[PDB]
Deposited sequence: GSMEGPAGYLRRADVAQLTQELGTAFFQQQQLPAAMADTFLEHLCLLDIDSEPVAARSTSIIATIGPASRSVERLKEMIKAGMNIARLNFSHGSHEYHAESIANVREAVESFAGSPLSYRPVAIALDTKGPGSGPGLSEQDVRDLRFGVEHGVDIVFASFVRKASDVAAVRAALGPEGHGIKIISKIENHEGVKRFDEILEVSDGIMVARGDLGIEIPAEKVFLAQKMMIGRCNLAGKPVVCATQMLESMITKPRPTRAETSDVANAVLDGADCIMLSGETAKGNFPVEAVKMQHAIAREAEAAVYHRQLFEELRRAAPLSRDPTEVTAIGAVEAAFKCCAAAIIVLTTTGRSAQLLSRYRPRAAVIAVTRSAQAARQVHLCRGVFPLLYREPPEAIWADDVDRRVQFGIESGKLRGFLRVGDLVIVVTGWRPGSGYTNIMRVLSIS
């Protein structure tokens, strides 16, 4: 029964053609949904009660669109998101962190506009986790956003939105200085011929997967759900294909900001992403990612490849990793393991930000500290296992891969262990 679920016959296929032939509508997804859902906050999704339903439906990142509304309006949205998120903190083994992303208005006819400088300062003051920088055309646009965030906003992730021909052409220099990319198909589809957007999307997703940096697919993914309870056949296909392309995140704009079915739009993206993740041809994907990732003398990078290889060998239910900044989890995620990457962290910001990386499930550690560092590490590992058991990721008898470091502090991951559950 195990080998009939999660498209495992299609996953073992010798060719991509045979993989397609073996895809089965009766093969149920079992793994937790890996691709994060970004929901745009607006009148249809601003109330605390509505936000609680969206968190339960699968929203991982709340997007604030600074193209509309005042700073007072957005501060209220942030407070409501935090209130809804913290209403589940009473049960630490099931608490789900939710990131807050600020999407800038953009340069308009102008580099960095004066309104963007003020909005970015607002983001730092209100503790946003991510900035979706509009109309990034070159590396200096990213540097300007980074400078406007100042010394207090050093830890904020900058996701550059590629929205025009210049951004596509200067993609490599933009990705090099950004934390990730958003394929902003709305403006891109007006700036370049609409029939060419899929080429830009597939290229950018492929280059971000190669670089090991997050990539978001955005705009009109479930557009008809703004007024209708069910999406069109092209919309479900678009969501599934963005996941199959390799997108780390998928986004909802008007569907959640102003539509009549915000919760249903989140549920639909969750349902499709789960089905599409199981249909990924891991046999070829892992081989190509493994071959393309350069040789490295960084122990975190070396441990990450060893751990993902070990996870595939034993059909590991999860890879439990201890991380301070999220980096060790990101390096595991870049190899696209089928095993869930359970990231145990003390940082609340890193727990929110790792939603940008596909297949990373953040667990915010709030248990009493241990006096012995080795005992403290072992307790965080057992915490990952208990949360994993409660959430359905793990069962007794499963094998897990555990990734830790040799000393406290970020940058010292160098150990991989094979552990049998219970």
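Residues of the deposited sequence lacking C-alpha coordinates fall in the stretches 1-24, 135, numbered from 1.
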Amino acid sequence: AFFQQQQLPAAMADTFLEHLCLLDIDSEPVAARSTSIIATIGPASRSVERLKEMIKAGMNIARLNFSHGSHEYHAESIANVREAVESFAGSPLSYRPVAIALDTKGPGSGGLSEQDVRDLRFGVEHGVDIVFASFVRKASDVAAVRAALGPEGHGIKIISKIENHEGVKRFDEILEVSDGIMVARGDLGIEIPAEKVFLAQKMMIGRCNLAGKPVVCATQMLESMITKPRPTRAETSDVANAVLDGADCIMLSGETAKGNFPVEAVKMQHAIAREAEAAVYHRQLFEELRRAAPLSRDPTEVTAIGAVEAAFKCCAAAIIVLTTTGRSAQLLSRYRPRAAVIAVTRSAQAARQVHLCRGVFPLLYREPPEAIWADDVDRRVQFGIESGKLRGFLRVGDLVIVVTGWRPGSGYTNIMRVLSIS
From here on, numbers count along this sequence of modelled residues.
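We call the rigid core whatever largest set of C-alpha positions still superposes within 1.5 Å between the two forms.
Between stretches 274-282 and 89-97, greater average Cα displacement in 9 other deposited structures of this protein relative to the shown form, fitted by the core, falls on 89-97. Using the rigid core as the fitting frame, the root mean square C-alpha deviation in 9 other deposited structures of this protein is greater for 367-375 than for the other of 61-69 and 367-375. For the pair 206-214 and 78-86, the mean Cα B-factor is higher in 78-86. Just going by the entry, 38-46 versus 354-362 on mean CA temperature factor gives the higher value to 38-46. In this entry, the residue among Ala240, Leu322, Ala143, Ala311 with the greatest C-alpha B factor is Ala143. When the C-alpha B factors of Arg274, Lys196, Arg283, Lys105 are read from the deposited coordinates, the top value falls at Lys105. Per-chain ranking of the deposited C-alpha B factor places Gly246 in the lowest third. Among all modelled residues in this chain, the alpha-carbon of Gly254 has a temperature factor (C-alpha) in the middle third. Sorting the modelled residues of the chain by their CA temperature factor places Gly306 in the lowest third. In the PDB entry, a CA B factor belonging to the highest third of its chain's modelled residues is recorded for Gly150.
In the PDB entry, a CA B factor belonging to the lowest third of its chain's modelled residues is recorded for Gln201.
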